[PDB]
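Working notes for the structure below.
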Amino acid sequence: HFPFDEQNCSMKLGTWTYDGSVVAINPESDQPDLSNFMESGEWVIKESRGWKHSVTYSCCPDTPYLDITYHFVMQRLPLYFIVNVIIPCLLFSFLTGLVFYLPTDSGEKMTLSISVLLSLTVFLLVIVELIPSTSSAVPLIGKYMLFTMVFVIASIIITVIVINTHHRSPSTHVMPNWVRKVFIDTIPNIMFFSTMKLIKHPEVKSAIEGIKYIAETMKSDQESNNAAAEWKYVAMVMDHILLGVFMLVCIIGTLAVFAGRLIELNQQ
Amino acid sequence: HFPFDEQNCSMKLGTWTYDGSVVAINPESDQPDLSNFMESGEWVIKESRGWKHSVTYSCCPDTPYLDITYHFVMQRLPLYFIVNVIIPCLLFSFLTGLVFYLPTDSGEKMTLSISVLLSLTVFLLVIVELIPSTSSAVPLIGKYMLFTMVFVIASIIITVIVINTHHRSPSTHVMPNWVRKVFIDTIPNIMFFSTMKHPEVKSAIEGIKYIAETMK
Amino acid sequence: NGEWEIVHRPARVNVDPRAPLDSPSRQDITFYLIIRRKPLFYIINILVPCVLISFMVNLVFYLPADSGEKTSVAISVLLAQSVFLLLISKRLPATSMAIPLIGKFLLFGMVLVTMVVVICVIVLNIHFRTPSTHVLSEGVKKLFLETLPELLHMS
Amino acid sequence: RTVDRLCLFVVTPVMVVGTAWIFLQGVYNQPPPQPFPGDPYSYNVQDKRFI
Amino acid sequence: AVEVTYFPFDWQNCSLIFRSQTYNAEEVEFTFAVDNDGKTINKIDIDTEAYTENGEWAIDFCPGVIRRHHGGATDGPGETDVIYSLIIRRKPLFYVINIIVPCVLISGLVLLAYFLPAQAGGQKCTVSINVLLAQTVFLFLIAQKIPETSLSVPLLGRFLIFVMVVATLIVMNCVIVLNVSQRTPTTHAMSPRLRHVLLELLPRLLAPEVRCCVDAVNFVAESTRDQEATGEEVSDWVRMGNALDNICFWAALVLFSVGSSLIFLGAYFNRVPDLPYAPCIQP
Amino acid sequence: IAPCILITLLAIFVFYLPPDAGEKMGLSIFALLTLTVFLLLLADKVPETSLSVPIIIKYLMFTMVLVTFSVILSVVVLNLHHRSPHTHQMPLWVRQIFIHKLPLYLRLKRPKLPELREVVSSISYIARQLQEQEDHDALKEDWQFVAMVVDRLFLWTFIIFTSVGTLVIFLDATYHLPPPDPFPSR
Ligand SMILES: *[C@@H]1O[C@H](CO)[C@@H](O[C@@H]2O[C@H](CO)[C@@H](O[C@@H]3O[C@H](CO[C@H]4O[C@H](CO[C@H]5O[C@H](CO)[C@@H](O)[C@H](O)[C@@H]5O)[C@@H](O)[C@H](O[C@H]5O[C@H](CO)[C@@H](O)[C@H](O)[C@@H]5O)[C@@H]4O)[C@@H](O)[C@H](O[C@H]4O[C@H](CO)[C@@H](O)[C@H](O)[C@@H]4O)[C@@H]3O)[C@H](O)[C@H]2NC(C)=O)[C@H](O)[C@H]1NC(C)=O
Ligand SMILES: *[C@@H]1O[C@H](CO)[C@@H](O[C@@H]2O[C@H](CO)[C@@H](O[C@@H]3O[C@H](CO[C@H]4O[C@H](CO)[C@@H](O)[C@H](O[C@H]5O[C@H](CO)[C@@H](O)[C@H](O)[C@@H]5O)[C@@H]4O)[C@@H](O)[C@H](O[C@H]4O[C@H](CO)[C@@H](O)[C@H](O)[C@@H]4O)[C@@H]3O)[C@H](O)[C@H]2NC(C)=O)[C@H](O)[C@H]1NC(C)=O
Ligand SMILES: *[C@@H]1O[C@H](CO)[C@@H](O[C@@H]2O[C@H](CO)[C@@H](O[C@@H]3O[C@H](CO[C@H]4O[C@H](CO)[C@@H](O)[C@H](O[C@H]5O[C@H](CO)[C@@H](O)[C@H](O)[C@@H]5O)[C@@H]4O)[C@@H](O)[C@H](O[C@H]4O[C@H](CO)[C@@H](O)[C@H](O)[C@@H]4O)[C@@H]3O)[C@H](O)[C@H]2NC(C)=O)[C@H](O)[C@H]1NC(C)=O
Ligand SMILES: *[C@@H]1O[C@H](CO)[C@@H](O[C@@H]2O[C@H](CO)[C@@H](O[C@@H]3O[C@H](CO[C@H]4O[C@H](CO)[C@@H](O)[C@H](O)[C@@H]4O)[C@@H](O)[C@H](O[C@H]4O[C@H](CO)[C@@H](O)[C@H](O)[C@@H]4O)[C@@H]3O)[C@H](O)[C@H]2NC(C)=O)[C@H](O)[C@H]1NC(C)=O
Ligand SMILES: *[C@@H]1O[C@H](CO)[C@@H](O[C@@H]2O[C@H](CO)[C@@H](O[C@@H]3O[C@H](CO[C@H]4O[C@H](CO)[C@@H](O)[C@H](O)[C@@H]4O)[C@@H](O)[C@H](O[C@H]4O[C@H](CO)[C@@H](O)[C@H](O)[C@@H]4O)[C@@H]3O)[C@H](O)[C@H]2NC(C)=O)[C@H](O)[C@H]1NC(C)=O
Ligand SMILES: CC(C)CCC[C@@H](C)[C@H]1CC[C@H]2[C@@H]3CC=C4C[C@@H](O)CC[C@]4(C)[C@H]3CC[C@]12C
Ligand SMILES: CC(C)CCC[C@@H](C)[C@H]1CC[C@H]2[C@@H]3CC=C4C[C@@H](O)CC[C@]4(C)[C@H]3CC[C@]12C
Ligand SMILES: CC(C)CCC[C@@H](C)[C@H]1CC[C@H]2[C@@H]3CC=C4C[C@@H](O)CC[C@]4(C)[C@H]3CC[C@]12C
Ligand SMILES: CC(C)CCC[C@@H](C)[C@H]1CC[C@H]2[C@@H]3CC=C4C[C@@H](O)CC[C@]4(C)[C@H]3CC[C@]12C
Ligand SMILES: CC(=O)OCC[N+](C)(C)C
């Protein structure tokens, strides 16, 4: 649950070379003396308690071995990690989804996504130094950072797919019928949809045929423009769906990571 | 003057509990003994000297205590800081001014300027680590870093202004007379570059005229 | 230990036959610890981000040349790998017996990303050719516009 | 575009296979079954070497 | 214990507590030494012959107090100690030049994105997101300097987080303006509400040969007319984006200036309190 | 060393990137930023004395100077490429050197009734405008060909200087052998 974790640290004290039949130890009080305890800026001691234990081994029934164990239940103060670690990661997670509202024709989607990735990579240098290096379990803050890295990389992959779709033309591709039915017809109906979708002379003869050539050329160009516009519209629809999905993923991932432990701490 | 700084490090030595009237200390020589001194790869000892002093303290108002202060005046060897710190800063500072030779139509002005700023930002960490948190003075290397930073910031601001001027639409913004007077007429003199009956037939005729006017 | 698990823990009495009896080096008792690292921390915090970012460079081949953002993606991946190498350089000794496995992967990925940047440069150079600059021979057309597209099953 | 697709089909499998090889060296790296090579004894209390 | 709230424009209260390790107050007691004039020196003494000034920390006050406690019968023998309170003031000159001023300038660069064009070669996002990358580098720097306690947040960290949030919101603003400016009729329908708000309400607030050739010529004329109309609609979208950029610049400037001013005026009013003690060092 | 070599090859290959891609600045300057990262990496390992400079530091500063010069020369090439044909007239010496002499030595071969009266006037105007468009295109192509020639010259220059400098430094490092005798005669 780091940095919202609670620890239980003990101090076991005993006479090293004397057993209970020669030297007996008893607690002075049921609790450690905290009357002269200096305030900690990182931990709050919730509970403290000293227990005496006596162990008799089956081999030696007349020789007890004694100890006194003082345990402290302590709660970390999480403000430093909240400010320095969690908030920047949340900002990068939020910035991840904004690429899907940027137009492809801007020519800056890759800039935005890659710069968010580079910022996260630099932030790794803070994460590694401020996170425990144990392998008993994954820190919760580490789970959040891995989540953010994975989904910015996914955003980059899907953005590359969207940019590839935007630039398709009849000179390279032909729209499948399923693409049309899924993206131009069905999806926008569950969306806002406020979007579209004498003469013998060689020279006079050459001039007439040339004028017809220009007219045919721009007819073909307009047809290709319409097909490219259909591809661009498909790309825009995918971008809107992905914007919604990624913002939802950001919110739900943040909550699914932190809210369980935060609600548990609120109950206490 | 860091990294071209000279320091004067002292060593005050004296008998703690004996005053000059019971124990007297005298220097063996006017200078510290440097016969067995190992050469330093970072400092050169320009001067060294030992002075005897008799000082009265508040604790013992009537008994002056003696001390010998040995001071060393040393000069830093700046080659390491020149090569490792200053030269990259020179490189970025020189690259700062080149955005104004980069055309706007390239669409790369902000890339160059902001990336130079990023490099200097990455370099600011080293200069931060190398000096004390002391308010007596700003180091010369710190002054140079701040100057380069402000230089790049001003370059970015003026580059944004230039880009804004370049893409100014004719329709939205008419050219003011002061702009045309200064930048197009006055300034270019000091520098040197150039100075800048079926209805269907009627429908076709009107269409050709429309194309001509559109290209007008 | 949070990072090490004990696999073997033998003890031995070692006697050097060649050493003299009156030497302190004749006899010793040695206790050995064979320990395995638990790599979960390094996996989660280094290897998955580094491997994913390195694999991300292959997306440039699916980026159209008209985007004007291929080499930027590739060189940025190289910069990220450099940051990872900076991270890893502080955690291991600078020994010469072997290249670490993570170091092997980082060097391999950086060489591959450099090759990818070169490929992107060449592809962009080919893309922006015009009649006024270059001549498009018929063999080049026959190969790259009818033969390889059929072989590669491009749309 | 054709050159780009060929590079996609050549470079990507090479990187995948190289990464797989490099990390498979480490994944199946294990300490030896016995503490000392050439010595079959396990040095464990489950096998006491009685006199 | 370091009170971090106004770091690096902070002042601290460091205690020096002296006591007998062995004896209770009844066995050994303390009194302050008296000067040559017979005045009790209830403070840290400073001899001008044997004092050096710390470059970063100035000592404003240093009173001393002899405390007696546990004198009640329920506590047993009385105990005593002597506590000196060094009230020290940081000299923040280094943090101002090396960290704060560069951070402020680079954070303020994000406001320039509103003045770049909302077109392909404008590079608004390239400016703002890279400012966010530079701020992340500054976060790496600041993590190595600030204290690592959680009783409050240092002012340096608060300012950095604030400018990062502002830069993120301005990145979102740039994305929205780029989205609005680059709408084309073939993929976006004109919105009369947004147009009326942005462009009207808001400035106020603040033979077959002959026939076939004629057909081709008419086709060309109509194609040119359609192209002109599409260009006109693109112009309206661009103008609406420009108006949005214009007002959003003022909003962002007000937010940035007000927040930075409040954060640093918090430091301005954090001065060593006017205590009734004599100064530690005589002038 | 290997990352430095890789970044150096990318610095060389910037001169093969076409100006119309709008990507030379990004590649060159990010190569420089990567070199800065490796300077940070080396900062934790090098001796901090000032009697001499390590050879690896000389190599790292040589690479940084090379990448900086790649940035500068790429800016020069982009300035030549996007030169406005009408505000800038090509000097005759530029034409002679960079369009006629240099391309041969660089193996760069450049390829190759009032209504009727008003109709006539409109057609003549359109043809005249297309003629001026062609002339502007020709001048722009001349400037762009000069930019291409200059880019190829800088590519060859960078290859030569890089190879020579890297060879010199690597041979200086390689032949530094330990003493055959512990106490050499000096
Ligand atoms: C954080 O971590 C710490 C651990 O570091 C943890 O501390 C534990 O706290 C719990 C309390 O919540 C402790 O449990 C209590 O222990 C009391 C002391 O137990 C010892 O002493 C007993 C008394 O010995 C004398 O009397 C008996 C006859 O009664 C006699 O035979 C003896 O010779 C001697 O004269 C002794 O009986 C007891 O032995 C038991 O336990 C050991 C060890 O498991 C076992 O080997 C024995 O067989 C036997 O079961 C032991 O030596 C104890 O008095 C107390 O009992 C009360 O509660 C129980 C609840 O089940 C009731 O049944 C009982 O009637 C009493 O009301 C209770 O068991 C525990 O020992 C602490 N552990 C340590 C190591 O300190 C904190 O709780 C943690 N904090 C968190 C999580 O918040
Ligand atoms: C973890 O690390 C520990 C060390 O800290 C490893 O323990 C070492 O394991 C190896 C392999 O099990 C041991 O080597 C073997 O030693 C035996 C015994 O040899 C002894 O007795 C011989 C007879 O008196 C004597 O000749 C030997 O001395 C010779 O060799 C040493 C080598 O250092 C040399 O210094 C001397 O001058 C001699 O030349 C020694 O005192 C030996 O029988 C084994 O034989 C192997 O090698 C021979 C060829 O040389 C070959 O013919 C055999 O078939 C066989 O392969 C072998 O040398 C070593 O002694 C241990 N070191 C200790 C205990 O300190 C441990 O294995 C590591 N665990 C891992 C990696 O899992
Ligand atoms: C690593 O670092 C160590 C030092 O820490 C290096 O060791 C030094 O190496 C040099 C060169 O090998 C040595 O200088 C040579 O010394 C020999 C022997 O001189 C000694 O014996 C003499 C006996 O007759 C005696 O007279 C000498 O005394 C004089 O010189 C010493 C010098 O320290 C001086 O202190 C005295 O006051 C005297 O003046 C001394 O005890 C000598 O034969 C060599 O002569 C060479 O140079 C002369 C130049 O005139 C030339 O004529 C000869 O032909 C010959 O070429 C030379 O002076 C030095 O003494 C070593 N220092 C030590 C051992 O402490 C070591 O070499 C380094 N290793 C590497 C690989 O770099
Ligand atoms: C680095 O810092 C050290 C201090 O830490 C400086 O050292 C000072 O050096 C100057 C000399 O340059 C010293 O001044 C000389 O002191 C001598 C001894 O003074 C003591 O003893 C006499 C006799 O009992 C007492 O009267 C006196 O009060 C002291 O107790 C004097 O004999 C010298 O006098 C001669 O020089 C002066 C100046 O030229 C003449 O006017 C005299 O007539 C006479 O010729 C002289 O005053 C000084 O005391 C040193 N201070 C300490 C604390 O050691 C270094 O100079 C400094 N380095 C640099 C380069 O900044
Ligand atoms: C720098 O740090 C020092 C040390 O922390 C501060 O000096 C202490 O300041 C606190 C107040 O913040 C003082 O505590 C107050 O003492 C008053 C006097 O009673 C004390 O002295 C008598 C002497 O006979 C004892 O019998 C008695 O037990 C006390 O020790 C109290 O009247 C005050 O009471 C208030 O607080 C308590 C809770 O703590 C409430 O229960 C009361 O109702 C009431 O509200 C208080 O306890 C302390 O004595 C000072 N220590 C010294 C001077 O040695 C400096 O002020 C600080 N400097 C700054 C911040 O500028
Ligand atoms: C693309 C996906 C797979 C992410 C990249 C995974 C890379 C980094 C590989 C390299 C070595 C791999 C590890 C090697 C061994 C094991 C086996 C078992 O103990 C669980 C998984 C685990 C621990 C692997 C997890 C994934 C791993 C860390
Ligand atoms: C190819 C890319 C993703 C590089 C990383 C490959 C990693 C994720 C793969 C390659 C081979 C995999 C191993 C193959 C087989 C097994 C045995 C089984 O008990 C599951 C874990 C384990 C040990 C796998 C762990 C993950 C692994 C190491
Ligand atoms: C996100 C933007 C708006 C704000 C950025 C600065 C952040 C870090 C600031 C804004 C408000 C601040 C909080 C305001 C008040 C308190 C109560 C105090 O007893 C402990 C610190 C604490 C809990 C602050 C922590 C830092 C804080 C959360
Ligand atoms: C030439 C450019 C492009 C490459 C980078 C500059 C390099 C070669 C320069 C910068 C500073 C220089 C060093 C500065 C001073 C000294 C001390 C003396 O013993 C002469 C050589 C030596 C050690 C120089 C060697 C060359 C050097 C390292
Ligand atoms: C007598 C005695 O111990 O004095 C110590 C202080 N000093 C060295 C300044 C006189």
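For the structure tokens, the naming scheme is as follows: chains receive sequential letters (A, B, ...) according to their order of presentation, residues are indexed from 1 within each chain, and ligands are indexed from 1 in presentation order.
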- Taking only C-alpha atoms into account, what are the residues of chain B at most 12 Å from chain C, put as a count of residues only? 4
- Item | 7 Å shell around ligand 1 using only C-alpha atoms and all ligand atoms, listed as a ChimeraX atom specification | /A:8-10,50-55,69-73
- Query: Which residue gives the smallest distance to residue D:19 among C:139, C:103, C:20, C:68, with only C-alpha atoms counted?
  - Reply: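 Looking at the shortest contact to residue D:19, the residue is C:103.
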- Can I get the residues close to ligand 2 as a VMD selection string, where close means within 8 Å and we count only C-alpha atoms and all ligand atoms? (chain C and resid 12 14 to 18 30 32 to 34) or (chain D and resid 31 to 32 34 to 39)
- Message: Env of stretch 8-11 of chain D: 8 Å cut, atoms = only C-alpha atoms, seq-sep filter 5 positions within chain, self excluded. Answer as an MDAnalysis selection string.
- Response: chainID C and resid 58 61:62
- Using only C-alpha atoms and all ligand atoms, what are the residues with an atom within 8 Å of ligand 4, set out as a ChimeraX atom specification? /B:8-12,47,49-55,68-73
So that I have them on file, write out the residues from the current selection with N, CA, C and O atoms, as a PDB file, in the first residue's frame.
ATOM      1  N   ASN B   8      41.908  31.613   0.060  1.00  0.00           N
ATOM      2  CA  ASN B   8      42.925  31.899   1.103  1.00  0.00           C
ATOM      3  C   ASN B   8      42.506  31.088   2.330  1.00  0.00           C
ATOM      4  O   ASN B   8      41.749  31.620   3.157  1.00  0.00           O
ATOM      5  N   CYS B   9      42.955  29.834   2.410  1.00  0.00           N
ATOM      6  CA  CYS B   9      42.529  28.931   3.513  1.00  0.00           C
ATOM      7  C   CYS B   9      43.499  29.030   4.687  1.00  0.00           C
ATOM      8  O   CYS B   9      44.672  28.763   4.482  1.00  0.00           O
ATOM      9  N   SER B  10      43.009  29.329   5.886  1.00  0.00           N
ATOM     10  CA  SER B  10      43.823  29.506   7.080  1.00  0.00           C
ATOM     11  C   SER B  10      43.724  28.296   8.007  1.00  0.00           C
ATOM     12  O   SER B  10      42.808  27.477   7.913  1.00  0.00           O
ATOM     13  N   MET B  11      44.704  28.199   8.907  1.00  0.00           N
ATOM     14  CA  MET B  11      44.785  27.156   9.931  1.00  0.00           C
ATOM     15  C   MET B  11      45.304  27.843  11.187  1.00  0.00           C
ATOM     16  O   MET B  11      46.504  28.109  11.294  1.00  0.00           O
ATOM     17  N   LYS B  12      44.395  28.171  12.104  1.00  0.00           N
ATOM     18  CA  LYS B  12      44.754  28.786  13.376  1.00  0.00           C
ATOM     19  C   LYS B  12      45.035  27.700  14.410  1.00  0.00           C
ATOM     20  O   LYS B  12      44.198  26.825  14.638  1.00  0.00           O
ATOM     21  N   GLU B  47      50.916  31.140  -2.565  1.00  0.00           N
ATOM     22  CA  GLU B  47      51.601  31.743  -1.427  1.00  0.00           C
ATOM     23  C   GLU B  47      51.281  30.958  -0.167  1.00  0.00           C
ATOM     24  O   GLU B  47      50.257  30.282  -0.078  1.00  0.00           O
ATOM     25  N   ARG B  49      52.178  31.315   4.349  1.00  0.00           N
ATOM     26  CA  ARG B  49      52.875  32.074   5.381  1.00  0.00           C
ATOM     27  C   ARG B  49      52.233  31.811   6.737  1.00  0.00           C
ATOM     28  O   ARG B  49      51.024  31.593   6.835  1.00  0.00           O
ATOM     29  N   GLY B  50      53.064  31.850   7.781  1.00  0.00           N
ATOM     30  CA  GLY B  50      52.622  31.681   9.155  1.00  0.00           C
ATOM     31  C   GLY B  50      52.883  32.894  10.026  1.00  0.00           C
ATOM     32  O   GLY B  50      54.032  33.320  10.170  1.00  0.00           O
ATOM     33  N   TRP B  51      51.826  33.449  10.618  1.00  0.00           N
ATOM     34  CA  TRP B  51      51.907  34.634  11.466  1.00  0.00           C
ATOM     35  C   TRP B  51      51.512  34.298  12.898  1.00  0.00           C
ATOM     36  O   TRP B  51      50.504  33.625  13.130  1.00  0.00           O
ATOM     37  N   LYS B  52      52.297  34.787  13.854  1.00  0.00           N
ATOM     38  CA  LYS B  52      51.978  34.652  15.270  1.00  0.00           C
ATOM     39  C   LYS B  52      51.130  35.834  15.726  1.00  0.00           C
ATOM     40  O   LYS B  52      51.374  36.978  15.331  1.00  0.00           O
ATOM     41  N   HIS B  53      50.131  35.548  16.562  1.00  0.00           N
ATOM     42  CA  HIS B  53      49.214  36.552  17.084  1.00  0.00           C
ATOM     43  C   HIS B  53      49.007  36.335  18.576  1.00  0.00           C
ATOM     44  O   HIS B  53      49.080  35.208  19.073  1.00  0.00           O
ATOM     45  N   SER B  54      48.740  37.434  19.278  1.00  0.00           N
ATOM     46  CA  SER B  54      48.365  37.430  20.688  1.00  0.00           C
ATOM     47  C   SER B  54      46.982  38.053  20.808  1.00  0.00           C
ATOM     48  O   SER B  54      46.812  39.243  20.523  1.00  0.00           O
ATOM     49  N   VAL B  55      45.999  37.255  21.230  1.00  0.00           N
ATOM     50  CA  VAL B  55      44.588  37.624  21.177  1.00  0.00           C
ATOM     51  C   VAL B  55      43.988  37.489  22.568  1.00  0.00           C
ATOM     52  O   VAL B  55      44.230  36.495  23.259  1.00  0.00           O
ATOM     53  N   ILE B  68      49.280  30.687  16.248  1.00  0.00           N
ATOM     54  CA  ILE B  68      49.990  30.792  14.982  1.00  0.00           C
ATOM     55  C   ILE B  68      48.987  30.419  13.905  1.00  0.00           C
ATOM     56  O   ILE B  68      48.399  29.332  13.950  1.00  0.00           O
ATOM     57  N   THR B  69      48.763  31.330  12.968  1.00  0.00           N
ATOM     58  CA  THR B  69      47.864  31.111  11.846  1.00  0.00           C
ATOM     59  C   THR B  69      48.708  30.903  10.598  1.00  0.00           C
ATOM     60  O   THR B  69      49.452  31.803  10.195  1.00  0.00           O
ATOM     61  N   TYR B  70      48.605  29.715  10.008  1.00  0.00           N
ATOM     62  CA  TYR B  70      49.230  29.407   8.726  1.00  0.00           C
ATOM     63  C   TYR B  70      48.173  29.536   7.641  1.00  0.00           C
ATOM     64  O   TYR B  70      47.176  28.814   7.666  1.00  0.00           O
ATOM     65  N   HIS B  71      48.391  30.440   6.693  1.00  0.00           N
ATOM     66  CA  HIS B  71      47.477  30.640   5.581  1.00  0.00           C
ATOM     67  C   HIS B  71      48.146  30.241   4.274  1.00  0.00           C
ATOM     68  O   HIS B  71      49.360  30.394   4.099  1.00  0.00           O
ATOM     69  N   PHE B  72      47.326  29.697   3.377  1.00  0.00           N
ATOM     70  CA  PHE B  72      47.730  29.285   2.044  1.00  0.00           C
ATOM     71  C   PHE B  72      46.832  29.990   1.039  1.00  0.00           C
ATOM     72  O   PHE B  72      45.603  29.885   1.121  1.00  0.00           O
ATOM     73  N   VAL B  73      47.447  30.704   0.101  1.00  0.00           N
ATOM     74  CA  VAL B  73      46.754  31.314  -1.027  1.00  0.00           C
ATOM     75  C   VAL B  73      46.943  30.387  -2.216  1.00  0.00           C
ATOM     76  O   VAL B  73      48.070  30.205  -2.696  1.00  0.00           O
TER      77      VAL B  73
END
- Message: When DSSP is applied to the backbone of this structure, which of stretch 41-209 of chain B are assigned strand (DSSP E)? Write them out as a VMD selection string.
- Response: chain B and resid 43 to 55 65 to 76
For the residues in the current selection, export N, CA, C and O atoms as a short mmCIF file (atom, residue, chain, number, x, y, z; two decimals), in the first residue's frame.
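Saved the output as out.cif:
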data_model
loop_
_atom_site.label_atom_id
_atom_site.label_comp_id
_atom_site.auth_asym_id
_atom_site.auth_seq_id
_atom_site.Cartn_x
_atom_site.Cartn_y
_atom_site.Cartn_z
N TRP B 43 44.71 22.36 -7.61
CA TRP B 43 45.06 23.63 -6.99
C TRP B 43 46.56 23.86 -7.11
O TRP B 43 47.35 22.91 -7.12
N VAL B 44 46.94 25.13 -7.19
CA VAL B 44 48.34 25.56 -7.15
C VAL B 44 48.47 26.52 -5.99
O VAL B 44 47.75 27.53 -5.93
N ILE B 45 49.40 26.24 -5.08
CA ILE B 45 49.61 27.08 -3.90
C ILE B 45 50.49 28.25 -4.33
O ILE B 45 51.71 28.11 -4.48
N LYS B 46 49.88 29.42 -4.54
CA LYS B 46 50.64 30.60 -4.93
C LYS B 46 51.46 31.15 -3.78
O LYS B 46 52.59 31.60 -3.99
N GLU B 47 50.92 31.14 -2.57
CA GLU B 47 51.60 31.74 -1.43
C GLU B 47 51.28 30.96 -0.17
O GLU B 47 50.26 30.28 -0.08
N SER B 48 52.17 31.06 0.82
CA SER B 48 51.95 30.42 2.10
C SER B 48 52.76 31.15 3.16
O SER B 48 53.89 31.56 2.90
N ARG B 49 52.18 31.32 4.35
CA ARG B 49 52.88 32.07 5.38
C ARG B 49 52.23 31.81 6.74
O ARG B 49 51.02 31.59 6.84
N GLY B 50 53.06 31.85 7.78
CA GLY B 50 52.62 31.68 9.16
C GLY B 50 52.88 32.89 10.03
O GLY B 50 54.03 33.32 10.17
N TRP B 51 51.83 33.45 10.62
CA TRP B 51 51.91 34.63 11.47
C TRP B 51 51.51 34.30 12.90
O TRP B 51 50.50 33.63 13.13
N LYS B 52 52.30 34.79 13.85
CA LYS B 52 51.98 34.65 15.27
C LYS B 52 51.13 35.83 15.73
O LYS B 52 51.37 36.98 15.33
N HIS B 53 50.13 35.55 16.56
CA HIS B 53 49.21 36.55 17.08
C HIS B 53 49.01 36.34 18.58
O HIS B 53 49.08 35.21 19.07
N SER B 54 48.74 37.43 19.28
CA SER B 54 48.37 37.43 20.69
C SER B 54 46.98 38.05 20.81
O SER B 54 46.81 39.24 20.52
N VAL B 55 46.00 37.26 21.23
CA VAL B 55 44.59 37.62 21.18
C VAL B 55 43.99 37.49 22.57
O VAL B 55 44.23 36.49 23.26
N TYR B 65 45.99 34.92 24.92
CA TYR B 65 46.39 33.62 24.41
C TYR B 65 47.07 33.78 23.06
O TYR B 65 46.68 34.63 22.26
N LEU B 66 48.09 32.96 22.83
CA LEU B 66 48.88 33.02 21.62
C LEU B 66 48.36 32.01 20.60
O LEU B 66 47.83 30.96 20.96
N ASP B 67 48.49 32.37 19.33
CA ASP B 67 48.19 31.45 18.24
C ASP B 67 49.17 31.69 17.11
O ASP B 67 49.82 32.73 17.03
N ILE B 68 49.28 30.69 16.25
CA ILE B 68 49.99 30.79 14.98
C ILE B 68 48.99 30.42 13.90
O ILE B 68 48.40 29.33 13.95
N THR B 69 48.76 31.33 12.97
CA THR B 69 47.86 31.11 11.85
C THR B 69 48.71 30.90 10.60
O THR B 69 49.45 31.80 10.19
N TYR B 70 48.60 29.71 10.01
CA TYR B 70 49.23 29.41 8.73
C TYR B 70 48.17 29.54 7.64
O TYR B 70 47.18 28.81 7.67
N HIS B 71 48.39 30.44 6.69
CA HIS B 71 47.48 30.64 5.58
C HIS B 71 48.15 30.24 4.27
O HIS B 71 49.36 30.39 4.10
N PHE B 72 47.33 29.70 3.38
CA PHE B 72 47.73 29.29 2.04
C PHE B 72 46.83 29.99 1.04
O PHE B 72 45.60 29.88 1.12
N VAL B 73 47.45 30.70 0.10
CA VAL B 73 46.75 31.31 -1.03
C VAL B 73 46.94 30.39 -2.22
O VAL B 73 48.07 30.21 -2.70
N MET B 74 45.83 29.81 -2.68
CA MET B 74 45.81 28.78 -3.70
C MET B 74 44.97 29.24 -4.88
O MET B 74 44.00 30.00 -4.72
N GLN B 75 45.34 28.78 -6.07
CA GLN B 75 44.66 29.10 -7.32
C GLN B 75 44.13 27.81 -7.92
O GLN B 75 44.86 26.81 -8.00
N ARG B 76 42.87 27.83 -8.35
CA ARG B 76 42.27 26.65 -8.96
C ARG B 76 42.77 26.48 -10.39
O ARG B 76 42.98 27.46 -11.11
#
- Task: Can you tell me which residues come within 9 Å of ligand 3 when counting only C-alpha atoms and all ligand atoms, ideally as a PyMOL selection string?
- Result: chain F and resi 178-186
- Message: Could you list, as a VMD selection string, every residue within 10 Å of stretch 92-100 of chain F, counting only C-alpha atoms and ignoring same-chain residues fewer than 3 positions away?
- Response: chain F and resid 89 103 to 105 108 to 110 142 to 143 145 to 150
